[PDB]
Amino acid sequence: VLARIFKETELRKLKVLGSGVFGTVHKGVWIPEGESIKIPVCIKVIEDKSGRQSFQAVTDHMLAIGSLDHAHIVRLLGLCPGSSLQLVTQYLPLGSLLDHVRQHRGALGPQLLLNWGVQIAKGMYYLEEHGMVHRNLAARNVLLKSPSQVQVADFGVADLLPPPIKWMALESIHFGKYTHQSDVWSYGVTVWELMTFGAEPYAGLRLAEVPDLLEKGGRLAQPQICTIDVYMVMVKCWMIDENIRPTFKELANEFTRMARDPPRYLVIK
């Protein structure tokens, strides 16, 4: 849980995995300068949009991100400063949880779904207890470490760029205000994705009408497999007033109680 720094010659990008809202993720290799070994890693490239040119030096948000370590988050192996910031992590071949639940769907156990809820909650709780706000939590940003364990990824990235709509809270859309509460909102949307086996939030709508719907009292509909008990949680996550929303501790706990008896809270066959 200490931040390691790389030189630009130590890293080599082999293939583009894909791009998102912030940076571009490459499947690459790490070759320490002394050696000829190639170690498979994941190199995310973020372009410096500061204008002050300050990804040339390791900042303190960088050291903050480079610090964090937990059983259910994606740990940052290292970083490489310069024109473009390079975030180096482990290559998780199993891919994102989104694709996973989209591919296996109901074939996955309800126990697995609930437990994954618990794990994601634990990761976000860790991040919250160390002052880290995610600002981009989604089903795509939760990767599979093990077939039975998941880790939260892409945390802290948003605060590296100068000042995703379907996972953002209302205050975030309206005023660009980001807190752990907004992360709770996004968590709600993520679990919704999970329990619907990877559905698109607000599918029929366009990006323009999502905040409208939210301000009028509309939410994402109850998932077919979700008991009212599990949907109530997501509903309380999508509250307009921040201080009403659950804490990550409470979420982890209630999902733990639910995980202690899966068929009572999820109906799948």
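In case it trips you up, residue 1 is the first one in the sequence shown, and so on.
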query: Counting only residues from the deposited sequence, how many are left out of the model between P147 and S148 (none, 1 to 3, 4 to 9, 10 or more)?
result: none
- request: Select between 198-206 and 213-221 the stretch whose C-alpha atoms have the higher average B-factor in the entry.
  value: 198-206
- line: Stretch with higher mean Cα temperature factor, 93-101 vs 186-194, is 93-101
- prompt: Considering only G176, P162, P164, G117, which residue's Cα atom bears the greatest B-factor as recorded?
  reply: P162
message: Quick check for you: using the entry's CA B-factors within this chain, is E33 in the lowest, middle or highest third?
response: highest
Within-chain third of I240 by Cα B-factor, per the entry: lowest
- prompt: If you rank the chain by CA B-factor, which third does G23 end up in: lowest, middle or highest?
  reply: highest
query: Can you tell me which third, lowest, middle or highest, the CA B-factor of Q86 falls into for its chain?
result: middle
- prompt: Would the CA B-factor of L251 place it in the lowest, middle or highest third of its chain?
  reply: lowest
